[PDB]
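Trainee: I'd like to ask some things about the structure below.
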Amino acid sequence: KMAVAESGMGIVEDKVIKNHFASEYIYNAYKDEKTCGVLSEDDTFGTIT
Amino acid sequence: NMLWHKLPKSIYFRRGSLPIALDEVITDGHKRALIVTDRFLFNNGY
């Protein structure tokens, strides 16, 4: 409701079911994907990633 | 009469050889296992 009064376009009823779709799809797939510290470990000869 | 010379199929040996050979018995199809051990070699870390 605060981006419609300044910008001058858009309807208020459609910017509400688009702000909720780009904030829970991005907390349903990148929840458990390790990107810190250690990723994997194969120990046939010794390597880490 | 006739003599012979029989042996196993394979003898892996050198310092640092246990975790690497055991990879060979899971790259082939083997799912279930069983172990035998003394009582002194179970309460410790062997």
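Ordered as shown in the structure tokens, chains take letters A, B, and onward, while each chain numbers its residues from 1 and ligands are numbered from 1 in the order shown.
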Give me, as an MDAnalysis selection string, the residues of chain B touching chain A, with the criterion being at most 9 Å (counting only C-alpha atoms).
Mentor: chainID B and resid 19:20 23
Trainee: Write the residues of the preceding selection, restricted to N, CA, C and O atoms, as a short mmCIF file (atom, residue, chain, number, x, y, z; two decimals), in the first residue's frame.
Mentor:
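Result file is part-v4.cif:
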data_model
loop_
_atom_site.label_atom_id
_atom_site.label_comp_id
_atom_site.auth_asym_id
_atom_site.auth_seq_id
_atom_site.Cartn_x
_atom_site.Cartn_y
_atom_site.Cartn_z
N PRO B 19 41.40 -49.25 5.98
CA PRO B 19 40.23 -48.53 5.46
C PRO B 19 40.14 -48.53 3.95
O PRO B 19 39.07 -48.21 3.42
N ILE B 20 41.22 -48.86 3.25
CA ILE B 20 41.25 -48.75 1.80
C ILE B 20 40.85 -50.06 1.14
O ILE B 20 40.18 -50.06 0.10
N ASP B 23 37.05 -50.75 1.26
CA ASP B 23 36.28 -50.13 0.19
C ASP B 23 36.03 -51.11 -0.95
O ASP B 23 35.08 -50.92 -1.71
#
Trainee: Using the chain letters and numbers from this document, which residues of chain A does DSSP assign to alpha helix (DSSP H), as a PyMOL selection string?
Mentor: chain A and resi 4-7
Trainee: CA of residue 16 (chain A) and CA of residue 3 (chain A), how far apart in Å?
Mentor: 11.5 Å
Trainee: Can you work out the spacing between CA of residue 9 (chain B) and CA of residue 46 (chain B) in Å, to one decimal?
Mentor: 25.9 Å
Trainee: Show me, as an mmCIF file with N, CA and C atoms, in the first residue's frame, the residues that have an atom within 12 Å of residue 37 (chain A) when counting only C-alpha atoms, minus same-chain residues fewer than 4 positions from it.
Mentor:
data_model
loop_
_atom_site.group_PDB
_atom_site.id
_atom_site.type_symbol
_atom_site.label_atom_id
_atom_site.label_comp_id
_atom_site.auth_asym_id
_atom_site.auth_seq_id
_atom_site.Cartn_x
_atom_site.Cartn_y
_atom_site.Cartn_z
ATOM 1 N N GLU A 33 20.633 -27.098 2.428
ATOM 2 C CA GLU A 33 21.630 -27.202 1.371
ATOM 3 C C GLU A 33 22.908 -26.595 1.937
ATOM 4 N N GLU A 41 33.017 -35.458 1.973
ATOM 5 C CA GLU A 41 34.248 -36.069 2.464
ATOM 6 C C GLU A 41 34.348 -37.488 1.926
ATOM 7 N N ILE A 48 38.779 -33.183 0.876
ATOM 8 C CA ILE A 48 37.613 -32.464 1.366
ATOM 9 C C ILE A 48 37.404 -31.223 0.507
ATOM 10 N N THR A 49 36.223 -30.623 0.644
ATOM 11 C CA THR A 49 35.669 -29.672 -0.317
ATOM 12 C C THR A 49 35.100 -28.444 0.379
#
Trainee: Using CA of residue 29 (chain B) and CA of residue 7 (chain B) as the two end points, give the distance in Å to one decimal.
Mentor: 24.4 Å
